[PDB]
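Structure file input.csv (CSV, C-alpha atoms and all ligand atoms) is printed below.
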chain,number,residue,atom,x,y,z
A,1,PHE,CA,85.8,105.7,121.1
A,2,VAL,CA,89.5,105.6,120.2
A,3,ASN,CA,89.1,102.6,117.8
A,4,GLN,CA,86.5,104.5,115.9
A,5,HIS,CA,88.7,107.7,115.8
A,6,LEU,CA,91.6,105.6,114.4
A,7,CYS,CA,89.4,103.9,111.8
A,8,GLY,CA,88.1,107.2,110.6
A,9,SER,CA,91.6,108.5,110.0
A,10,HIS,CA,92.2,105.7,107.5
A,11,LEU,CA,88.7,106.1,106.0
A,12,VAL,CA,89.4,109.6,105.0
A,13,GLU,CA,92.8,108.7,103.6
A,14,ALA,CA,91.0,106.1,101.5
A,15,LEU,CA,88.3,108.4,100.2
A,16,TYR,CA,91.0,110.9,99.4
A,17,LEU,CA,92.6,108.3,97.1
A,18,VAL,CA,89.4,106.8,95.7
A,19,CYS,CA,87.5,110.0,95.1
A,20,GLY,CA,90.4,111.8,93.4
A,21,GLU,CA,89.5,115.2,91.7
A,22,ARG,CA,85.8,114.6,92.6
A,23,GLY,CA,86.5,115.3,96.3
A,24,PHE,CA,84.2,114.2,99.1
A,25,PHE,CA,82.4,115.2,102.3
A,26,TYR,CA,83.3,113.5,105.5
A,27,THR,CA,80.3,113.3,107.7
A,28,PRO,CA,80.8,110.8,110.6
A,29,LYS,CA,77.4,109.8,112.1
B,1,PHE,CA,100.9,117.0,89.7
B,2,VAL,CA,102.3,114.7,92.3
B,3,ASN,CA,103.3,117.3,94.9
B,4,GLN,CA,99.7,118.6,95.1
B,5,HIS,CA,98.5,115.0,95.6
B,6,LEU,CA,100.9,114.6,98.4
B,7,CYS,CA,99.9,117.9,100.0
B,8,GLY,CA,96.3,116.9,99.8
B,9,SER,CA,96.8,113.7,101.6
B,10,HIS,CA,98.2,115.6,104.6
B,11,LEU,CA,95.5,118.3,104.4
B,12,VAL,CA,92.7,115.7,104.7
B,13,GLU,CA,94.4,114.1,107.7
B,14,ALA,CA,94.7,117.6,109.3
B,15,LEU,CA,91.0,118.5,108.5
B,16,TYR,CA,90.0,115.2,110.0
B,17,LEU,CA,91.6,116.1,113.3
B,18,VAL,CA,90.8,119.8,113.3
B,19,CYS,CA,87.2,119.5,112.4
B,20,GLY,CA,86.3,116.6,114.7
B,21,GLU,CA,82.6,115.8,114.9
B,22,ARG,CA,81.7,118.6,112.4
B,23,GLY,CA,83.5,116.6,109.7
B,24,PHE,CA,84.8,118.4,106.6
B,25,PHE,CA,84.7,118.8,102.9
B,26,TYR,CA,87.6,118.2,100.7
B,27,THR,CA,87.4,119.6,97.2
B,28,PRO,CA,90.7,119.6,95.2
B,29,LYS,CA,91.6,122.1,92.5
C,1,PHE,CA,100.0,95.5,122.5
C,2,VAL,CA,99.4,96.2,118.9
C,3,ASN,CA,96.4,98.4,119.4
C,4,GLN,CA,98.5,100.6,121.6
C,5,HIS,CA,101.3,100.8,119.1
C,6,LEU,CA,98.8,101.8,116.4
C,7,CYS,CA,97.1,104.4,118.6
C,8,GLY,CA,100.5,105.9,119.3
C,9,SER,CA,101.3,106.4,115.7
C,10,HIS,CA,98.2,108.6,115.3
C,11,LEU,CA,99.0,110.4,118.6
C,12,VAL,CA,102.3,111.5,117.4
C,13,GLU,CA,100.9,112.7,114.1
C,14,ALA,CA,98.3,114.7,116.0
C,15,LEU,CA,100.9,116.3,118.3
C,16,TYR,CA,103.0,117.1,115.2
C,17,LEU,CA,100.0,119.1,113.9
C,18,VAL,CA,98.9,120.7,117.1
C,19,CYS,CA,102.3,121.6,118.5
C,20,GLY,CA,103.5,123.2,115.3
C,21,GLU,CA,106.8,125.1,115.7
C,22,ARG,CA,106.8,124.4,119.4
C,23,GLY,CA,107.7,120.8,118.9
C,24,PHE,CA,107.1,118.1,121.5
C,25,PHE,CA,108.6,115.2,123.4
C,26,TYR,CA,107.0,111.8,122.9
C,27,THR,CA,107.3,109.7,126.1
C,28,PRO,CA,105.0,106.7,126.1
C,29,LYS,CA,104.5,105.4,129.7
D,1,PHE,CA,107.0,126.4,104.0
D,2,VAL,CA,104.8,123.5,103.1
D,3,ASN,CA,107.4,121.1,101.9
D,4,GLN,CA,109.1,121.2,105.3
D,5,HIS,CA,105.7,120.6,107.0
D,6,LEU,CA,105.3,117.6,104.9
D,7,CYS,CA,108.8,116.2,105.5
D,8,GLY,CA,108.3,116.7,109.2
D,9,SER,CA,105.2,114.6,109.3
D,10,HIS,CA,107.0,111.7,107.8
D,11,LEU,CA,110.1,112.2,110.2
D,12,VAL,CA,107.9,111.9,113.2
D,13,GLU,CA,106.3,108.8,112.0
D,14,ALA,CA,109.8,107.4,111.4
D,15,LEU,CA,111.1,108.5,114.8
D,16,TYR,CA,108.1,106.9,116.4
D,17,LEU,CA,109.0,103.6,114.8
D,18,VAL,CA,112.8,103.8,115.2
D,19,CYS,CA,112.9,105.0,118.8
D,20,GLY,CA,110.3,102.6,120.1
D,21,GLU,CA,110.0,102.6,123.9
D,22,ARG,CA,112.7,105.4,124.3
D,23,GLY,CA,110.3,107.8,122.6
D,24,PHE,CA,111.7,110.8,120.8
D,25,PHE,CA,111.9,114.6,120.6
D,26,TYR,CA,110.8,116.5,117.7
D,27,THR,CA,111.9,120.1,117.5
D,28,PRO,CA,111.3,121.8,114.1
D,29,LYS,CA,113.5,124.6,112.7
E,1,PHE,CA,116.5,112.3,97.7
E,2,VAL,CA,113.9,113.1,100.1
E,3,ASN,CA,111.1,113.9,97.8
E,4,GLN,CA,111.2,110.5,96.4
E,5,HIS,CA,111.2,109.0,99.9
E,6,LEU,CA,108.1,111.0,100.6
E,7,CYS,CA,106.4,110.0,97.3
E,8,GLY,CA,107.2,106.4,98.1
E,9,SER,CA,105.5,106.4,101.4
E,10,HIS,CA,102.3,107.5,99.8
E,11,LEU,CA,102.6,105.0,96.9
E,12,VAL,CA,102.8,102.1,99.3
E,13,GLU,CA,99.8,103.2,101.2
E,14,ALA,CA,97.9,103.5,97.9
E,15,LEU,CA,99.1,100.1,96.7
E,16,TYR,CA,98.0,98.6,100.0
E,17,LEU,CA,94.5,99.9,99.4
E,18,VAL,CA,94.2,99.3,95.7
E,19,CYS,CA,95.7,95.8,95.7
E,20,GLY,CA,93.8,94.5,98.7
E,21,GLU,CA,94.1,90.7,99.2
E,22,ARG,CA,96.5,90.3,96.2
E,23,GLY,CA,99.1,92.4,98.1
E,24,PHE,CA,101.8,94.2,96.2
E,25,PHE,CA,105.4,94.6,95.5
E,26,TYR,CA,107.3,97.7,96.2
E,27,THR,CA,110.7,98.1,94.5
E,28,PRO,CA,112.2,101.6,94.7
E,29,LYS,CA,114.6,103.0,92.1
F,1,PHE,CA,88.3,92.4,109.9
F,2,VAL,CA,88.7,96.2,110.2
F,3,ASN,CA,91.3,96.0,113.0
F,4,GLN,CA,93.5,93.8,110.7
F,5,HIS,CA,93.0,96.1,107.8
F,6,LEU,CA,94.2,99.0,109.9
F,7,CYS,CA,97.2,97.2,111.4
F,8,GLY,CA,98.2,96.2,107.8
F,9,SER,CA,98.3,99.8,106.7
F,10,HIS,CA,100.9,100.6,109.5
F,11,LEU,CA,102.8,97.3,108.7
F,12,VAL,CA,103.4,98.4,105.2
F,13,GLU,CA,104.5,101.8,106.2
F,14,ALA,CA,107.0,100.3,108.6
F,15,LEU,CA,108.4,97.9,106.0
F,16,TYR,CA,108.7,100.8,103.6
F,17,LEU,CA,110.9,102.5,106.2
F,18,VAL,CA,112.9,99.5,107.3
F,19,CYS,CA,113.5,97.9,104.0
F,20,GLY,CA,114.7,101.1,102.3
F,21,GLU,CA,116.1,100.6,98.8
F,22,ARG,CA,115.8,96.8,99.1
F,23,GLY,CA,112.0,97.0,98.7
F,24,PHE,CA,109.6,94.3,99.8
F,25,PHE,CA,106.6,92.2,98.9
F,26,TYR,CA,103.5,92.5,100.9
F,27,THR,CA,101.6,89.2,101.0
F,28,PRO,CA,99.0,89.2,103.8
F,29,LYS,CA,97.9,85.6,104.6
G,1,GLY,CA,90.1,126.3,97.4
G,2,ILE,CA,92.0,124.6,100.2
G,3,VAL,CA,94.9,123.4,97.9
G,4,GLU,CA,95.6,126.9,96.6
G,5,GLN,CA,95.4,128.3,100.0
G,6,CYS,CA,97.2,125.7,102.0
G,7,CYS,CA,99.6,123.9,99.7
G,8,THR,CA,101.2,127.1,98.4
G,9,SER,CA,101.5,128.3,102.1
G,10,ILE,CA,101.2,126.7,105.4
G,11,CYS,CA,97.7,127.0,107.1
G,12,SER,CA,97.1,127.4,110.8
G,13,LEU,CA,94.7,125.1,112.4
G,14,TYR,CA,92.4,128.1,112.6
G,15,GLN,CA,92.6,128.6,108.8
G,16,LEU,CA,92.0,124.9,108.3
G,17,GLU,CA,88.7,125.2,110.3
G,18,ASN,CA,87.3,127.2,107.3
G,19,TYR,CA,86.9,123.9,105.6
G,20,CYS,CA,85.0,122.2,108.4
G,21,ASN,CA,81.3,121.5,107.9
H,1,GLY,CA,76.9,106.6,107.4
H,2,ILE,CA,80.5,105.7,106.6
H,3,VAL,CA,81.7,105.1,110.1
H,4,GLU,CA,78.9,102.6,110.8
H,5,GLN,CA,79.3,100.9,107.5
H,6,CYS,CA,83.1,100.7,107.1
H,7,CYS,CA,84.5,100.6,110.7
H,8,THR,CA,82.2,97.7,111.6
H,9,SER,CA,83.2,95.9,108.3
H,10,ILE,CA,85.9,96.4,105.7
H,11,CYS,CA,84.7,98.3,102.7
H,12,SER,CA,86.4,97.9,99.3
H,13,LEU,CA,87.4,100.8,97.1
H,14,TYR,CA,84.0,100.4,95.3
H,15,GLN,CA,82.0,100.6,98.5
H,16,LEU,CA,84.0,103.7,99.5
H,17,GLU,CA,83.4,105.3,96.1
H,18,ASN,CA,79.7,105.8,97.1
H,19,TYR,CA,80.7,108.5,99.6
H,20,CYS,CA,82.5,110.5,97.0
H,21,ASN,CA,81.2,113.6,95.4
I,1,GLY,CA,101.1,109.9,130.3
I,2,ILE,CA,99.7,110.4,126.8
I,3,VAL,CA,99.2,106.8,125.9
I,4,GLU,CA,97.2,106.1,129.1
I,5,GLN,CA,95.1,109.3,128.7
I,6,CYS,CA,94.4,109.4,125.0
I,7,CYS,CA,94.5,105.7,123.9
I,8,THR,CA,91.9,104.8,126.5
I,9,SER,CA,89.8,107.8,125.6
I,10,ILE,CA,89.7,110.3,122.7
I,11,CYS,CA,91.6,113.5,123.4
I,12,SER,CA,90.7,116.8,121.6
I,13,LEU,CA,93.3,119.0,120.0
I,14,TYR,CA,93.2,121.0,123.3
I,15,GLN,CA,93.9,118.0,125.4
I,16,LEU,CA,96.7,117.1,123.1
I,17,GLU,CA,98.2,120.6,123.3
I,18,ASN,CA,99.3,119.9,126.9
I,19,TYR,CA,101.9,117.5,125.7
I,20,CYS,CA,103.5,120.1,123.5
I,21,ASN,CA,106.7,122.0,124.3
J,1,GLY,CA,109.6,101.2,88.1
J,2,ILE,CA,106.7,102.6,90.1
J,3,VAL,CA,108.7,105.6,91.3
J,4,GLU,CA,109.7,106.7,87.8
J,5,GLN,CA,106.2,106.2,86.6
J,6,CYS,CA,104.2,107.5,89.5
J,7,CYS,CA,106.3,110.1,91.3
J,8,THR,CA,107.1,112.1,88.2
J,9,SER,CA,103.4,111.9,87.2
J,10,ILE,CA,100.2,111.0,89.1
J,11,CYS,CA,99.0,107.4,88.6
J,12,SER,CA,95.4,106.4,88.4
J,13,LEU,CA,94.3,103.6,90.7
J,14,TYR,CA,94.1,101.5,87.5
J,15,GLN,CA,97.8,102.3,86.7
J,16,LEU,CA,98.7,101.4,90.4
J,17,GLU,CA,97.1,98.0,89.9
J,18,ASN,CA,100.1,97.1,87.7
J,19,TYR,CA,102.1,96.8,90.8
J,20,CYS,CA,99.7,94.4,92.5
J,21,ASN,CA,100.7,90.8,93.0
K,1,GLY,CA,118.2,120.1,113.9
K,2,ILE,CA,116.5,117.1,112.4
K,3,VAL,CA,114.8,119.0,109.6
K,4,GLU,CA,118.0,120.6,108.3
K,5,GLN,CA,119.7,117.2,108.6
K,6,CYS,CA,117.0,114.9,107.3
K,7,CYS,CA,114.8,117.0,105.0
K,8,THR,CA,117.6,118.3,102.9
K,9,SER,CA,119.1,114.7,102.7
K,10,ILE,CA,117.7,111.3,103.5
K,11,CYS,CA,118.6,109.9,106.9
K,12,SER,CA,119.3,106.3,107.7
K,13,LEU,CA,117.4,104.7,110.6
K,14,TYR,CA,120.8,104.9,112.4
K,15,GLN,CA,121.0,108.7,111.9
K,16,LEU,CA,117.3,109.0,113.0
K,17,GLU,CA,118.2,107.3,116.3
K,18,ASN,CA,120.1,110.5,117.2
K,19,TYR,CA,116.8,112.1,117.9
K,20,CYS,CA,115.6,109.3,120.2
K,21,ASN,CA,115.3,110.0,123.9
L,1,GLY,CA,102.9,85.5,107.5
L,2,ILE,CA,103.4,89.1,108.6
L,3,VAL,CA,99.8,89.8,109.5
L,4,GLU,CA,99.6,86.7,111.8
L,5,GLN,CA,103.0,87.5,113.3
L,6,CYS,CA,102.9,91.3,113.7
L,7,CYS,CA,99.2,92.2,114.2
L,8,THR,CA,98.8,89.7,117.0
L,9,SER,CA,102.0,90.9,118.6
L,10,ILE,CA,104.2,94.0,118.1
L,11,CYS,CA,107.2,93.4,115.9
L,12,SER,CA,110.4,95.4,116.3
L,13,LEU,CA,112.2,96.9,113.3
L,14,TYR,CA,114.4,93.8,113.3
L,15,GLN,CA,111.5,91.4,113.1
L,16,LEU,CA,110.0,93.4,110.3
L,17,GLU,CA,113.3,93.3,108.4
L,18,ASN,CA,112.8,89.6,107.7
L,19,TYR,CA,110.0,90.5,105.3
L,20,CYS,CA,112.2,92.7,103.3
L,21,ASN,CA,113.7,91.8,99.9
A,101,LIG,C1,90.2,101.8,103.2
A,101,LIG,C2,89.4,101.5,104.5
A,101,LIG,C3,89.8,102.1,105.6
A,101,LIG,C4,89.2,101.9,106.8
A,101,LIG,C5,88.1,101.0,106.9
A,101,LIG,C6,87.7,100.4,105.8
A,101,LIG,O1,86.6,99.6,105.9
A,101,LIG,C7,88.3,100.7,104.5
A,102,LIG,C1,94.4,112.8,117.5
A,102,LIG,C2,94.3,111.6,118.4
A,102,LIG,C3,94.9,110.4,118.0
A,102,LIG,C4,94.8,109.3,118.7
A,102,LIG,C5,94.1,109.2,119.9
A,102,LIG,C6,93.5,110.4,120.4
A,102,LIG,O1,92.8,110.2,121.6
A,102,LIG,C7,93.6,111.5,119.6
A,103,LIG,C1,105.7,98.9,112.9
A,103,LIG,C2,104.6,98.0,113.2
A,103,LIG,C3,103.4,98.3,112.7
A,103,LIG,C4,102.3,97.5,113.0
A,103,LIG,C5,102.4,96.3,113.7
A,103,LIG,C6,103.6,96.0,114.2
A,103,LIG,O1,103.6,94.9,115.0
A,103,LIG,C7,104.7,96.8,113.9
A,104,CL,CL,95.0,102.3,113.4
A,105,CL,CL,104.6,114.1,101.5
A,106,ZN,ZN,96.0,103.6,112.1
A,107,ZN,ZN,103.6,112.9,102.8
Please lay out the structure from this file as structure tokens.
Amino acid sequence: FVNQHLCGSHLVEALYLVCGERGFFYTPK
Amino acid sequence: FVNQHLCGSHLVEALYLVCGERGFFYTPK
Amino acid sequence: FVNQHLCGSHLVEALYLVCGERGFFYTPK
Amino acid sequence: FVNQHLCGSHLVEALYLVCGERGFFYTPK
Amino acid sequence: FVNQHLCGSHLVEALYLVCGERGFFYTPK
Amino acid sequence: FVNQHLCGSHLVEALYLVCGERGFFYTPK
Amino acid sequence: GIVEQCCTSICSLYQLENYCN
Amino acid sequence: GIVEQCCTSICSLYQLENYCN
Amino acid sequence: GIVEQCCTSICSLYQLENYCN
Amino acid sequence: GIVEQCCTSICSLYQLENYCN
Amino acid sequence: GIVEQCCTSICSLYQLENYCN
Amino acid sequence: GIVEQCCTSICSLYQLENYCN
């Protein structure tokens, strides 16, 4: 599960950057 | 400004960890 | 070994957040 | 304050890399 | 100073993502 | 490919730290 | 919002949980 | 969702931008 | 230690808090 | 350089692309 | 401590090694 | 390059310093 947890940390960093002022929801499924 | 962008980066990483499976929302100002 | 090195980087970030003012030792075994 | 929290985050990541197998201690102020 | 070191850390992570396969150059001041 | 993308994010952080004022090029091959 | 609240002062993990889904 | 999509395969900045608000 | 425990399996914030000072 | 330009003000992703190879 | 020393000024990697175990 | 070298095997801070300018 750890691999997925690690990946997700980078995902959210990337959305933070890409979404900018729009913001985002993070909903892992 | 930049300082806020920097702060935000760390808040999303902290929300990622805190909120776990619930996920989170990030809405900047 | 790289997987472990990557995991450990996130571990310490997480302890930083969770431990707060208490601080922590990082001793990988 | 926040700026210190931010600084600290980056110091632990840098101690993680610098110190390698020795590991490190992080004690905030 | 420190604030610049901190800023730089986040710029390289953002260049890593933005630039993708092209890679990037990072030259501080 | 994701594993490699994740690794590369930490690589660049590490070069940022190690290279200091010298700077660096990141050219993934 | 979370920036006003947590970039101007430091937020506990408890306070951060306010922004969990 | 995003974990399925982008942790099994790389997503570009354009693919990521779908998950934005 | 922590690498064995938490890199072979996810640890929550409560499991991590054992390694604190 | 990129620090002058992007640490004193916030850079779009477009502006950051100037420092891509 | 390391915050006083390295958040008020920038620490070399050599200086950081002081806080290694 | 660096991905081949250091993502298949750990590189120390000295091995990384080869890729610097
Ligand atoms: C930016 C990024 C992070 C993690 C996984 C991806 O597919 C993309
Ligand atoms: C927070 C975190 C990071 C890395 C591994 C874990 O199991 C937990
Ligand atoms: C510092 C670091 C990061 C990623 C991979 C490595 O081999 C070394
Ligand atoms: Cl990772
Ligand atoms: Cl920062
Ligand atoms: Zn990672
Ligand atoms: Zn930062």
Which protein, DNA or RNA residues are at most 10 Å from (98.0, 89.3, 99.0) in the file's coordinates when you count all atoms listed in the file, listed as a list in words? residues 16, 19, 20, 21, 22, 23, 24 and 25 of chain E; 25, 26, 27, 28 and 29 of chain F; 20 and 21 of chain J
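Between atom CA of residue 6 of chain L and atom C1 of ligand LIG 103 (chain A) the separation is 8.1 Å.
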Write as number ranges by chain the residues around ligand LIG 103 (chain A), taking 9 Å as the cut-off and counting only C-alpha atoms and all ligand atoms. C: 1-3, 5-6, 9; D: 17-18; F: 6-15; L: 2-3, 5-13, 15-16
Once chain H has been least-squares superposed onto chain K, matching all their Cα atoms in order, can you return it as a PDB file with C-alpha atoms, keeping the file's coordinate frame?
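See result_24.pdb below for the written result:
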ATOM      1  CA  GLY H   1     118.224 120.053 113.943  1.00  0.00           C
ATOM      2  CA  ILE H   2     116.335 117.182 112.332  1.00  0.00           C
ATOM      3  CA  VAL H   3     114.531 119.134 109.689  1.00  0.00           C
ATOM      4  CA  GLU H   4     117.777 120.657 108.376  1.00  0.00           C
ATOM      5  CA  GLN H   5     119.614 117.411 108.526  1.00  0.00           C
ATOM      6  CA  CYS H   6     117.039 114.912 107.197  1.00  0.00           C
ATOM      7  CA  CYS H   7     114.768 116.952 104.828  1.00  0.00           C
ATOM      8  CA  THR H   8     117.796 118.257 102.919  1.00  0.00           C
ATOM      9  CA  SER H   9     119.242 114.649 102.774  1.00  0.00           C
ATOM     10  CA  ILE H  10     117.876 111.195 103.486  1.00  0.00           C
ATOM     11  CA  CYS H  11     118.769 109.952 106.908  1.00  0.00           C
ATOM     12  CA  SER H  12     118.941 106.210 107.666  1.00  0.00           C
ATOM     13  CA  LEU H  13     117.345 104.606 110.688  1.00  0.00           C
ATOM     14  CA  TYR H  14     120.746 104.993 112.490  1.00  0.00           C
ATOM     15  CA  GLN H  15     120.982 108.698 111.781  1.00  0.00           C
ATOM     16  CA  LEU H  16     117.387 109.114 113.013  1.00  0.00           C
ATOM     17  CA  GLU H  17     118.145 107.145 116.180  1.00  0.00           C
ATOM     18  CA  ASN H  18     120.263 110.134 117.412  1.00  0.00           C
ATOM     19  CA  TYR H  19     117.104 112.203 117.945  1.00  0.00           C
ATOM     20  CA  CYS H  20     115.563 109.616 120.166  1.00  0.00           C
ATOM     21  CA  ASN H  21     115.354 109.827 123.877  1.00  0.00           C
TER      22      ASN H  21
END
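Interatomic distance, atom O1 of ligand LIG 101 (chain A) against atom CA of residue 4 of chain L: 19.2 Å.
Take atom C7 of ligand LIG 101 (chain A) and atom CA of residue 14 of chain L: the distance between them is 28.4 Å.
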